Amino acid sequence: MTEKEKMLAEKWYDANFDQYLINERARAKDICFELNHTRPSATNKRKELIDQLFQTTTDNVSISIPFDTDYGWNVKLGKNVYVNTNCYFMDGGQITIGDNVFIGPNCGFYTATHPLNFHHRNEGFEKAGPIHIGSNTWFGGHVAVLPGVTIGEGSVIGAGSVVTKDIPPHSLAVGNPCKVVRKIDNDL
């Protein structure tokens, strides 16, 4: 297997020295840099850059600068996704975002695990754990979501939360660590 293949298979992979991955990270970083230095009212140029970054034709994905991502093509986005300032989609592990998702400022979605043993870590190995963000969700600012975590559809995550475990659908959840407070009635 190539290191990309290992990355996408939740296997340990040589994140630091593999050339294809190094190149892809460089591509995304330079696109982010361009985006981050594009005037917010330059609507068409921003759309172009975002679509280039995510390698897709987005539908009402609004990104408030600055923004960061590692690969870009490993963020799968629904329509009507509102990303406020200074978010980071660390997407070695796929980050899947549904439709109608409100992401507050300074949110970090982290899919990278490093080894606990520093000898292995120092060699550059990582393991990627995908993040699944359901449709119809709202994240407050300053939220961090950890590798492998799923946040169910219709759920609301309070500001400051550190989401270390899966959050069921239609739930209000807050805290560090993030814990369900109660259910949300999402009926029409």
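Numbers follow the displayed sequence, beginning with 1.
Please compare 10-18 with 171-179 and name the stretch with the higher mean C-alpha B-factor in the deposited structure.
Mean CA B-factor is higher for 10-18.
Can you tell me which stretch has the higher mean Cα B-factor, 143-151 or 116-124?
For C-alpha atoms only, the mean B-factor is higher in 116-124.
Say you rank 36, 69, 137, 56 by Cα B-factor from the PDB entry; which sits at the top?
Answer, based on the entry's C-alpha B-factors: 56.
Taking the values straight from the PDB record, which of 63, 131, 163, 159 has the highest C-alpha temperature factor?
Of 63, 131, 163, 159, 63 has the highest C-alpha B-factor.
Within this chain, which third does the Cα B-factor at residue 32 fall in: lowest, middle or highest?
For residue 32, the deposited C-alpha B-factor lands in the lowest third.
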